[PDB]
Structure formats: C-alpha cells, structure tokens
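As structure tokens, the next two blocks hold two forms of the same chain, structure 1 and structure 2.
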Structure 1
C-alpha cells in the first residue's frame, strides 16, 4: 500500500495544515454541543435579559466559527487533491511517451488511452474520497479513547487487546479485491480499444455493411464486465455483513465483561455507564475504519498498470548530447542486419553496406516486402540494428541530441499521416521555433502544395480533420513533402513519395532531386516503385530478400543483364 502514498509527498505542508484544522474541528464538535446545552439550559433558566442575550450570542459565535473552520479545511483539501490529480495524469502520460517503438505494437491505442485517462481518474477519486474520511475518523477515535480511558482503564485495555482480532478477515480477503479490479480494468480497456477502432475508419465499415459485427464485438466485450460486476456486488454485500457483525461482537463482549465486574463489586456503576456510553461511539469509528480497508485494496488493484508504466525501463538507448554546429549528411552502413523484436528469429535485413554522400542521390529498389521501409526506419533511429554499425558523420546515431538529430534527418513516409490542426501548423510541425510565413510559403512552393492551398477560403489557416480526410491523397502527400522540406535537412528520405502524385506534380520532385541548387547540401535516399524516376540517380541498389544483389548506375545495371534489367524490361 506504500506505493499509493508516494504521490502525496509533494503536498505535505498543505496536508499538515489540513490535519491541524481537522484536529481543531474534531475538538470543537466534541465540546460545542456540550457548551450549547449548558448555555441553553441557563438561558431557559431564571435570569435577566442580559443573561439571555449573552448566552444567545455565544452559541451563534461558536457555530459560525465551526462553519468557517470547516469551509477553510474543505477548500484546502480540494485544492490539494486537484493538484495531485493533474500531476499524476501528466506524469503517467509522460512516462507512456518514453517507451520504445515496439511497446506500441504490443499495446494498442484504445488500451493505452483507457489506462492513461480512466485508471488515473478512478485512483484519484478513490484517494480523495477515502483519505479525508480516514483522517477524520482516526482523529475522532483517538479523541474518544481518552474519555474511554477516563471511564475505565482495564475495560479499555481489553477492548484494545480484542481490536486486532477484527482485522484478520479483510487482510486475508483483500487480494481477491485486487485481482477482481485488475480484471475489470482490463475488460474496460479492451472494450475501449474495440470502440476506438470501430469509430475510426467508418467509411470502410459502411462500405462492407459490417455495423452489426462491430456491435457484436462491443457486446462481447461488455459481457465480461457484467460477469465481474456480479461478483463485485456479492463481495460488497458479504463485507457489509461482516463489518456489522464485528462491531456487534465488541459491543456485546464489553457489556458482558462489565456485567460480571459490577456484580463482584470491583467497579462502580457510575464509571461503567460513562465508559460504555463512549465505547458505543468508539465501536462505530472502528467500523468505519474497517469499511475503509477493502476500498484501499480495490484502489491498489486498479492502479497496477499505470504504476507498471511508471516503473518500466525503456528498451532503447537514451538521448545523446552532441549538437555539432556544422554537419554534412555522410551516412555509412556497415554490415547491418536486423530482426523485428516480436519475431526475432527471422532476419529482415542481412549484411547491408552502402554509403550516402552529400550532393548525390542513391536509389533503393526491389520487390514488395524486401525491407526498404525497414532501412528507412533504421535510418531514422526508430530501431537499433541487431548487428553492424550505422554512423552519421562518423558517429553513431544515439550519440546525438534527440531533437537535433530529427532536425538534421527528415523523411516523408510511405502513407503519410497528418494531424487535426491548421495547414500552417502541419507544415511547421515539431520545430522548436516558429518559422515565418515566408519560409512556409517557400516550402509549399517547393513541394507543389502552394497551388491548392491558396485556393482554399482560409488558406494556410484552414483546419483539417484528425485523419486529413478533407484532403485528397495527392494533396496530403504534397503537404507531407512540404513538412519534410521546411527543416532544411542534410539527409532526406523519400519513401515512395510519388505514389499518389499526378504527372504534373512529379516534375516538382524531379527538379528537387536533380535540378535544385540545394542538392549539394544534402544526401538523398530515394525509395520508389516508379523506375523512370531512378535513371538519373548516382547509385542504384537492388534489394531482394533483405540483401543487396546488384549495384551501380543505370547504364551499368542495364548493360549487365540481371534483376534490375528484368524488372525494367517488364513486357
């Protein structure tokens, strides 16, 4: 249970200030009703109007002071709890975004979203609901213990000795609550994943008339939650029975012991009555404290996954420290081999060895599934090679600063993604300092996206939806190219960037590759299935089955009959 209390360490001063007010309020609630009764009796008794007015104002002052103390304590407590909730959610999201790339293949989007947004809120609600009640009733019980000691010492000692016997069952039961709550959270996360996956990609669902299948999946996910809720209700009933039985046992045992001693003359009735009168309330407080415990066990159960996220050690090297003032895009592959973490037995790449140099364009071609996108992902430091070295300007990629490296190396992606923001924000995404409107327009002109953006009613301020559905495929690809070009990278990766572009828009890419005056400042890795775009490349590498079979210029590869020649001579 110690891990739950860790999140409260930041607000210790506020919690102590709240505790002082709690003690004061408990003492007031103990003493004020007694004072009010005495004042009312004296006011009702014989006395002048001055006596009546004096007694009347005292009760009003006491009640107003009690109300003010309660208000101040409530305000402090609620402010502290809100801060705690916000801090916890922020920390959980930050911890989630630090994990390795394959972490997001094992955990799906809806599952992670449910963990981040729902588990943390439930934990915070439980903590804020239970901590104040626990403190309040612990203070009240400690206050009542003094009066119980005053009334009788030995009976208080036997009560205290008997007290630990009531906590044996919940200690042996709480693990069941923990596991049950873990299962409930898992089922809710699965249902959330199903809902998210169905709600996105609605046109695909509609075009195959599969709404009923999605509904059936959702119902199948809900059935497990229903099954767990039945057990939760039964456990609630059983625990509520047991707590009351435990309280009654104490209330009866103390009375039985008192009856015996009153008969033998070892105690006075006047002391026994005033002892039991407060033993009653002490048992009530003990019952409340007993009822708190299963909720604590449930809260421990509900926070297993998020604390696992917080304690997890990422399986990837950390960020470096190098930010060289001047960098040239010299990239060297040295016998690189790779296998995906979820299927480590199968090698996707084997013994790659090639060099990219500034001012030159290198093309990578091959059949589907050869591993070209894997090479692109390795060059962007998304994964680490299982063998060999990959050096940028003579040094390994993990030695550079995270943001500097991704400013120097930029890529487009095979099927580019855009976010639900303005076109201006999409192009300038990820930049530490905002570029001027002149640079964004220049990049859009270079990519060829300026023609259609200027035709929109709001221009560069037009909002696009979360998936870019309001744009066509070619427009989205041009926007992605403009996003890539704005950074002025020294290494440029074009992963099938002309798949959706028409004939007119391919001339922009051709001029960028082989005619722009900015060629000499960057090295280009070109991946495409459009072989006419490859003829002017400085080097051509044919990748088949994860290995490079042929290499050379277009003329050299055409003179030597082989895989590239057969691919080009398709008819």
Structure 2
C-alpha cells in the first residue's frame, strides 16, 4: 500500500542510484551473444583480425563492468534495506510499548506481543529479497526486448504473440489436477477419521475381538480412493505433457520463420544465432517474474497486520507537562470508585476517602482480596479511577509529567521482579542520571541489603539471570526496597514488603518507618500482616469489600471492639 512507499521515501536518493546501476549492468551483461554472432559472421566473410581482438577486448570489458556494477548495486540495496528494517522494528516496538496496562494484563496472550514484533523480522526479509529479485529481473527482460526488436521485428513479434499461449495454458489445465487432489485429500481425511474412531475405543473393540472387522472397514475405504489416485495420475500426466510440448514447439516455430527470413535475405545467420541465444534468456526471465509475483503478493497482503499494532490507539490519558520543584506529598482521595476495565461489571472500590500527609504513616489492613493492592495500583497512576478524584498536592495525577511523577512516587509490590543485568544496575533502575557508588551503598545500607552484597565474589557487579533465580526471596525483597529507596521518593508504598524477609530486614524496615531521621519528608502507605508495625502507625484503615468501615488510631480501634479487635485477637 501507500504506507510502504511512505516508509521507503527517506531514501529515494540511494534507490535512484541503485536503479541506474541495475539498468547499466543489465545492458552490459548481454554483449556475449551479440558479439558471438558478429564474430562468427565475420569469420564467414573472412575478414581481418584487428577487429577480432578489438571485439574480444570490448566484450570482455563490458562483461567485467557489468559484474562489478551488479555487485555494487546489490551492496547498496542490501545496506539500505537493512537500515529501513531496523528502523521499522524499532518503531513497531516503541508503538507497542505505549499501550495502556489493560492491553498488557492479558499475560496469557503475552507471547503474542513477544511474537508479532519478531514477525516484522520474518516478513521484512520475505519482502527484502523478493522485491529485489523482481526488480533485478524485469528490467533485465526489458533489456532483452530492446535488442531483439532492434534485430528483426517479425521474430520478436512472433515470440511475444505466442508467449501467453505457453505461459497460461498449464495454469488453466492445472485446475483439474488441483480439484482431484482436493478430493483425494478429503477421502484420506475421512479414512483417517474412521481409523481414529476405531482406535479410540480399544477396550470395547477387544472385548468382542473385532480387529479383523476394523481392518476390513479400513481397507474398504482405501479401495475407493484407489480410483481417485488413478485419475490424479492421468491428469498430472496430461498437464506435464502439455507444459512440455507448448514450450518446446516455440523453438521449432522460431527456427522455421527465421529460416524463411534468412532465405528471403532480410537478415543473416549471425542475427539468427543471436536471436536464438536471446530467446532462452527472455523466457527464463519471464518465468522468474511469474514465479516471484505470488510471493510478493502474499507479503504485501500480510503486511497489514503489523500496521494494526503500529497505529493502535492507546486507551489512557496523555502525560502531563507539570514538573514542580517542591512536592509536599499530600495525597487525597475523593469518593474514588474503580472497576477493572477487563470486567467493568464489578465495582472493586467504592466510597474511598482518606488523606496522606508527610511524616505520617498510614497502615492499610484487611482480609485477602478486598482490593488491597488495587489502591496501590491506583496510587502510582497504573489505572484511572472510574469515579471520584485522586489529588496529589492539589493537582491530579495525569497532569504531571510521567517520568517526574514516577520518580517522586515509589512502590514495592507483592512479587517484585528483578531483570537480568548487573546487580548495581537493578538498584539504579530507571534513573535518568547514573548515581554515584556512595548513593548505591547508602541505599543498600538503608534497606539492609549491604550485609550480603559484599559477600558476593563479584560485589555489586554480580550478574543476575532472568526471574532472579540466583537470589532468595528475602534478598529479592531487600533489593526491591533498596531500588525503591534510591530516588528518595515523596510517597512510598510498601505492599507486602514484609512477608518473606529476614528478621534483620524487618528491623531495618521498622527503623526506617518510625525512627529514621528522613521520615519527615515522606508519606508512607504500608500494607502488612505484622501487628508490631501496624500498632505504631498514625492512622489505620480497615478495608473490606472495597469500603472503609473502621478508621482511626490503634487505641480508638481497640476501644471500638470491632473487626480490627477480632483481627488482633486472632
């Protein structure tokens, strides 16, 4: 379509040079038969030898130049094709990565977007060379037609007239063979189906000892397909015979009409020899074009799939432009109600309203489910609220710049992922500026991960494989905490970061939450199952069914004697 020309237009300076080289090489590669005919005619006229050596040198020079020009043009085309293929791959990946989280939560189809991009590889090659093979040949054919027409218009007119009669008749004949093949395939499928049906009930076919019956019923099916096979063979034989004789008789016809022309005196024998040598190459070029065309047709037909991912509209608000240099970190919820866009019939959150202020720790507690992690997912702008408002320092989340907002708010999830790279890169993941070693050591000390980092033989540069199989759960929790603590965030979410951790890590977290000197510039939302950390929190929020029922400090909730009291007693 027009999109291929649009993405190929950035190089229409090199493509013109490639086309010029191609036409020059095609012109120069055909001097061999012409000079053969000329030199043979000169021998028959017993001429001189200076013209002989001159013509030999000229033909050699022309052929050498043709080969060199073909090589140079092929190199230029390959270089440009590789460049545009790399650009297209980068563009399609960048377009895929911009879609909203609702597109990516279908992890059961995750490999699809791990495959479609790779499809853009195997498609592009299927279009990279075939389009060359077409383009390298058609002009070549057009070159040959430019010489035989100069030789004698009658013979080239004859071969042009009878070319379709030899290159379309087998196509018309092959329909019979193809339909017979389809019938044979369907009969074989039916026989295989009845064989599978017989085989799937082995206990009940052995209980009556009827294996001979199944053998007979399977032979009976093949006895019918034998006749279809015979008809298939006859049709194939007829197709082969016609596709042979139609192409073979053209040479005899050309020789007859050329002999008539030569006896008439219009042309000489050398022209006939050159025409005979040119006709085979012309036929080969035409056959190559006919073979090439369906493949490029299939490629351009299948190219429409990639553009679907390329221009898919994201269902998410655009990034804002706000980037203040001073954030207090106050977070307000105003009657927030959220339903998952995958199944928007269920309201997971309803009537949520609370305020987080710097220097104060808010502990969110509740049973399994009940949208505990959904509030954390909403807080870091991973989803948009169906109803209500989320306010950060008096401004909504989408109004902020994407990178700045995600730098100012940090979260530790239930199951932290660790990518495969150096260990000190995982600590500073996503940072715009590479931090110093002192900052990474300070972050490791704050999270307590520095105890076992120095025990590694490679230190902070220990490579990690995929999925973090080289580390235990507690080490992964420590590295995730240190990664979330490196940027000094304004709003810290710790959701299930105290589940499978060491006691030393628990002590480090407890010290960071309450007795750390830098807590005053931080607002913490803590989700945990340990009552010791919960009791020291300033505000406690109980979540059940996506609604807030019990709220206040620990003493007030103890005096309430409600759900939190039962949880404490349990």
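Rigid core: the largest C-alpha set superposing within 1.5 Å between the two forms. Numbering follows the first chain given and starts at 1.
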| message | Can you tell which residue in 270, 317, 82, 90 has its CA shifted by 2 Å or more between the two structures when the core is superposed? | response | 270
| message | Superposed on the rigid core, does the Cα of residue 476 end up 2 angstroms or more away between the two structures? | response | no
| Under a superposition restricted to the rigid core, does residue 520 display a Cα displacement of 2 angstroms or more between the two structures? | no
| said: Quick check: residue 187 between the two structures - does its CA shift reach 2 Å or more after fitting the rigid core? | reply: yes
| request: Could you tell me how many Å the Cα atom of residue 21 shifts between the two structures when the rigid core is held superposed? | output: 1.8
| request: Could you tell me how many Å the Cα atom of residue 532 shifts between the two structures when the rigid core is held superposed? | output: 2.0
| query | If you line up the core, how far does the Cα of residue 339 move between the two structures, in Å? | reply | 0.7
